[PDB]
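# Fold and contact review
Take a look at the letters that make up each chain.
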Number of protein chains: 2
Amino acid sequence: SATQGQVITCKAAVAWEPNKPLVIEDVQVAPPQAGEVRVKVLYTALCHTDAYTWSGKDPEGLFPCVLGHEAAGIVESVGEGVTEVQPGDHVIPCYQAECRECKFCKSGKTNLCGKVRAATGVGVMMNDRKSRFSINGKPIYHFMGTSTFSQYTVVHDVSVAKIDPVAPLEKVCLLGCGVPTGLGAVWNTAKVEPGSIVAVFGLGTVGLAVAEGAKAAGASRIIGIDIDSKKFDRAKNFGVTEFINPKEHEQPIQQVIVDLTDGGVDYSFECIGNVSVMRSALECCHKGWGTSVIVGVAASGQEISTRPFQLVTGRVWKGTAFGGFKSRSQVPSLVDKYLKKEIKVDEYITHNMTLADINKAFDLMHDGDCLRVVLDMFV
Amino acid sequence: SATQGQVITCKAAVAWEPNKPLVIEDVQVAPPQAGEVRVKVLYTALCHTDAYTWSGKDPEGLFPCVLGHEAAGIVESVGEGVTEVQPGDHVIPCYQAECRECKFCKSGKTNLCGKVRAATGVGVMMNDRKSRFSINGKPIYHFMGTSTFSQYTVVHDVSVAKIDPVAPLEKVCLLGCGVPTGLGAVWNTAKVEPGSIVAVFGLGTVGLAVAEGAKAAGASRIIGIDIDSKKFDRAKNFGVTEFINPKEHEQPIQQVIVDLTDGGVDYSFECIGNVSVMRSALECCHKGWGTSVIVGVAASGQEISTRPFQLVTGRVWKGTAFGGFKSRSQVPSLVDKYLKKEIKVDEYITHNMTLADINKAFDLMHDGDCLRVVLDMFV
Ligand SMILES: [Zn+2]
Ligand SMILES: [Zn+2]
Ligand SMILES: [Zn+2]
Ligand SMILES: [Zn+2]
């Protein structure tokens, strides 16, 4: 092509400083080296994680950087040795890599591959330990090995999920984080059986995907917990059957749940990232078999606590990262299901904006009322 | 019999008040009421749980009381409705009941039957909410629903395990607590697979049962961890393949374990009851799948803490209560395995003494250099 083996100059939302507005810049995107894939990002969605690193609260946050991790697009070019994808292929860049060969990938116990982890965590590429982004010949850090707030991005081949070309890229971009995290918290991590009584803390995108997950798992009761009653009405469509606003109760929320569940829930899922709520999600679980899955990401230097009697008496404490899904092997399968009308994707999108409206999209996310905000990159 | 329907006067070691020595007193043991079983306790073993309540550190402790929960005996008589056991039957009285019919029993997810817990926790019988023991017409509280430090005890039928009459009762008394707790933590709670790498924190009786359980489960590495290096030699025989004394390392124990196992253990078992060591057992577990099982009972008020990223990144935190064994269905099975020479029982016994030697036995527990001490009740 016209850009194959060449430096690309494109539009990118750059986070120059933490807690400052994002500026749409003109950026140089280097071609892909060995094991790398240059992707044309057509649509990108904002996740609370981008805002967290943006705020300045993330200790692993490196500035200046190109944020974003939830996106879909097309392969512009591939580096040396890239065989699974070719130019023109429809793809989903994934923050969680899948080499298929390491200790983690060679076991059916996890999805947490660590092939590219070190590089990605420091805003660079594995092959040369450098960024593929520059403004005035100076580097701009990558983020989560994705950096989807740039029209053109360079990602490792092991983090490129090849999807059905007939699938709509303005919807499927969500299948890169929030939605699979929720579905997978239920299907892969918890393995919720039919008839199960479920508690969901937080009715945001992930909490709503945990609700769809539980409904598909054949849960008899999906209890939704949120300190904002406005979030209840929209939750019903996602399978939530009962609701509790902790603010309307003087006793701890776990105690309220235990009274409505006859000893507690079979499975609880905390989708806020609040350590105090993580404790409450554990304690609301039924004695002997109750299982709490931490879905939400908590702030650095904050601990979860409980009395060990809670675990001795049969409760289980676990968590999920990208809902246990293997990016390359399983994200295309999630796209096939959506196309077969087996799973929901569209229903999580409330807003469609343009890349130039990035700060307006961030504004809507800080307020917390909305669901997903899909940005059209080429407008 | 000469005692059927009658009040028995026998010997019992009675703890009149905390931390003071035990007194061998003559007691009135009332006959069994409906659903009750009167047992001739021939042999009783001492557990750290008896010492804990005896010390006065137990908020649920009620004095005066007859301690003891590890025993084997013969059924002297039964109350109305008792059909499972009959006079002369060899039995193990269990602190964990198994009604075979409640919510917990009807599920294959737990061994935590709660039918008799409302009475046993307050040192009484369910039928009249009163103790079956008295000295000078004054009640002596029951303990753990077993009170095995009395020559004769009255227990709920749902706690009476019917065993093989050829089994040595001076040996099988251990199958009432410690040994099954360790064996089961591995086989039932954790479900340790062949080739697994195991860490055992605490090389006492329970830790040694975990090691034996792990060895039978086909674990490739059994790492023993104890601050007392004198416990290492004897542990080998029980299956422990390597040892770490944390006093010999300036770095945290979890750090030392990961460094020696390439990311951490597959399963860790904390058999000390120390909340700081519980945190170390979780954090020494491998990313993606590592499962820590709390076996040791911590003191009241104490809390376990960790950063939620540990669970988000694949670690599992759980606990075991009597090794997840269902008392009446499974204790006979363990006795059969001991008779088949498939499990160790004898090897956990270091001393045999008499009921009059109870205070000497407790002195031996205080120092903690010994394994199990068995008291011959009729000498
Ligand atoms: Zn891998
Ligand atoms: Zn995300
Ligand atoms: Zn029961
Ligand atoms: Zn015990």
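Scroll up to find the structure this text is about.
My aim in this report is to walk through the structure given alongside it, one point at a time. (Residues numbered from 1 in each chain as written, not as in the entry; some residues may be left out. Chains lettered and ligands numbered in written order. Heavy atoms only, no water.)

### Some details on helix 8 (residues 275–283) of chain A
We apply this condition: Type-normalised accessible area, obtained with a 1.4 Å probe on protein chains alone, sets the label of each residue: buried when under 20%, exposed when over 50%, and partly exposed for intermediate values. Only DSSP runs of H or I with at least four residues qualify as helices, and only runs of E with at least two residues qualify as strands; both kinds are numbered from the N terminus onward. Pairs of N or O atoms within 3.5 Å make up the polar contacts considered here, provided that, within protein, one atom can donate a hydrogen while the other can accept it, and that residues adjacent in sequence are counted only when both atoms are side-chain atoms.
Within helix 8 of chain A, the full set of buried residues consists of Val275(A), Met278(A), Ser280(A), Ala281(A), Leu282(A) and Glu283(A). Its side-chain oxygen at 3.0 Å from the backbone nitrogen of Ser276(A), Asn274(A) defines the N-terminal cap of helix 8 of chain A.

### Thoughts on the environment of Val154(A)
All names here are of chain A. For the record, the criterion: Any two residues having at least one pair of non-hydrogen atoms within 4.5 Å are treated as being in contact.
One can find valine 154 in strand 9 (residues 152–156). Separated by 123 residues in sequence, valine 154 and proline 31 have C-alpha atoms that sit 7.8 Å apart. In this structure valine 154 touches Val29, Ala30, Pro32, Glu36, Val37, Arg38, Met125, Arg132 and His142, once residues within four positions along its chain are discounted.

### Details of the packing of helix 5 (residues 178–190) of chain B against helix 6 (residues 205–216) of chain B
Residues and elements named next belong to chain B. What counts here: Simply put, an axis is a line fit to the C-alpha atoms, just over the touching stretch for a helix, and the angle between two N-to-C directions goes from 0 to 180 degrees. Working rule for angles: under 35 degrees goes down as roughly parallel, over 145 as roughly antiparallel, 65 to 115 as roughly perpendicular, anything else as oblique. If you view the pair so one helix is near and one far, a crossing is left-handed when the near helix is turned anticlockwise from the far one by less than a right angle, and right-handed when it is turned clockwise.
Two elements in contact, helix 5 and helix 6, have axes whose closest approach is 7 Å; the angle formed by their N-to-C orientations is 40°. The pairing of helix 5 with helix 6 is recorded here as oblique in orientation. Remark: the crossing between helix 5 and helix 6 carries right-handed chirality. Counting all contacts with helix 5, which are made through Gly178, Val179, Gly182, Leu183, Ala185, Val186 and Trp187, the residues of helix 6 involved are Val206, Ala209, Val210, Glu212, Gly213, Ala214 and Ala216.

### Brief notes about the pairing of strand 2 (residues 23–29) of chain A
Residue and element names in this part refer to chain A. Counted only if it meets this: At least two bridges found by DSSP between two strands are what make those strands a pair.
As paired strands, strand 1 (residues 8–15) and strand 2 are joined by seven bridges and run antiparallel to one another. Residue pairing in the sheet places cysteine 10 in a bridge with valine 27 of strand 2. Summarising the sheet, strand 2 and strand 7 (residues 133–135) pair through two bridges and their orientation is antiparallel. Along strand 7, the bridge assignment pairs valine 29 with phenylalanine 133.

### Comments concerning the interface of chain B and chain A
What counts here: Accessible-area loss on putting two parts together, using a 1.4 Å probe and summing over both, is the definition of buried area adopted here. When a carboxyl oxygen of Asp or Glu is within 4 Å of a side-chain nitrogen of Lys or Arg, the pair counts as a salt bridge. Amino acids are sorted into nonpolar (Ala, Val, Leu, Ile, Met, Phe, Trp, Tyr, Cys and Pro), charged (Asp, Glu, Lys and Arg) and polar (every other residue, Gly among them).
Contacts between chain B and chain A engage 38 residues on the former and 37 residues on the latter. Between chain B and chain A, a total of about 3100 Å² is buried, with carbon and sulfur atoms accounting for 63% of that surface. The largest per-residue losses of area from chain B upon contact with chain A belong to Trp289(B), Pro308(B) and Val312(B), which jointly make up 19% of the total buried on that side. With its nearest N and O atoms 3.0 Å apart, the salt bridge here joins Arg279(B) to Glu303(A). At the boundary of chain B with chain A, the tally comes to 12 residue pairs in polar contact. With four residues, the top contributor of residues to the side of chain B that touches chain A is strand 16 (residues 316–319) of chain B. Looking at the side of chain B that touches chain A residue by residue, the class counts come to 14 nonpolar, 13 polar and 11 charged.

Functional significance is not addressed by these values, which are geometric in nature.
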